[PDB]
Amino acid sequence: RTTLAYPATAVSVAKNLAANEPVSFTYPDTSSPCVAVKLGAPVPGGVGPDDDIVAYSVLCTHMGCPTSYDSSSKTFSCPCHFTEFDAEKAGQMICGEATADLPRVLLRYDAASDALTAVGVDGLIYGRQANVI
């Protein structure tokens, strides 16, 4: 096999998420903190009925400090060397010292159950040799 074996991890149902209110969860294991957020307005790659739910690993890709979500700017901010990533542009680094965008947690949205499930990661999570240890 050429692919890693990512778990399928239930996050919540989409209707339970409040606009711009982040949900913390771990994926693909408990040492990998992530945040999902229903942004309120559609963005490329967002899922759910309004194509606005996205999720990311929150460990800064520069040196791994946990980033914080800023609701007023819809960005993730790293306090260590000041990098900031855009949650509305697939983790695009706005300014900073990292050489990779914030890793995106791929979500599946199932209309039959309303469930949001984390099923993969695009980008390499800080501090590991492969996304799945």
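The first residue of the sequence shown is number 1, and the count goes up from there.
Engineer: Looking at the entry, does 37-45 or 99-107 show the higher mean C-alpha B-factor?
Structural biologist: Taking the mean C-alpha B-factor of 37-45 and of 99-107, the larger value falls to 37-45.
Engineer: Could you check 92, 30, 57, 83 and tell me which one carries the biggest Cα B-factor in the deposited entry?
Structural biologist: Comparing C-alpha B-factors across 92, 30, 57, 83, the maximum falls on 30.
Engineer: Could you tell me which third, lowest, middle or highest, the C-alpha B-factor of residue 26 occupies within its chain?
Structural biologist: It belongs to the middle third of the chain when residues are ordered by C-alpha B-factor.
Engineer: Using the temperature factors of the C-alpha atoms in this entry, rank residue 124 within its chain: lowest, middle or highest third.
Structural biologist: For residue 124, the deposited C-alpha B-factor lands in the middle third.
Engineer: Ranking every modelled residue in this chain by its Cα temperature factor as given in the entry, which third contains residue 61?
Structural biologist: Its C-alpha B-factor, which the entry lists for residue 61, ranks in the middle third among residues of this chain.
Engineer: Pull the Cα B-factor of residue 115 out of the PDB entry and bin it into the chain's lowest, middle or highest third.
Structural biologist: For residue 115, whose C-alpha B-factor we compare with every modelled residue in the chain, the answer is the lowest third.
Engineer: What third of its chain, lowest, middle or highest, does the C-alpha temperature factor of residue 50 fall into?
Structural biologist: As the PDB entry reports it, the C-alpha B-factor of residue 50 lands in the highest third of its chain.
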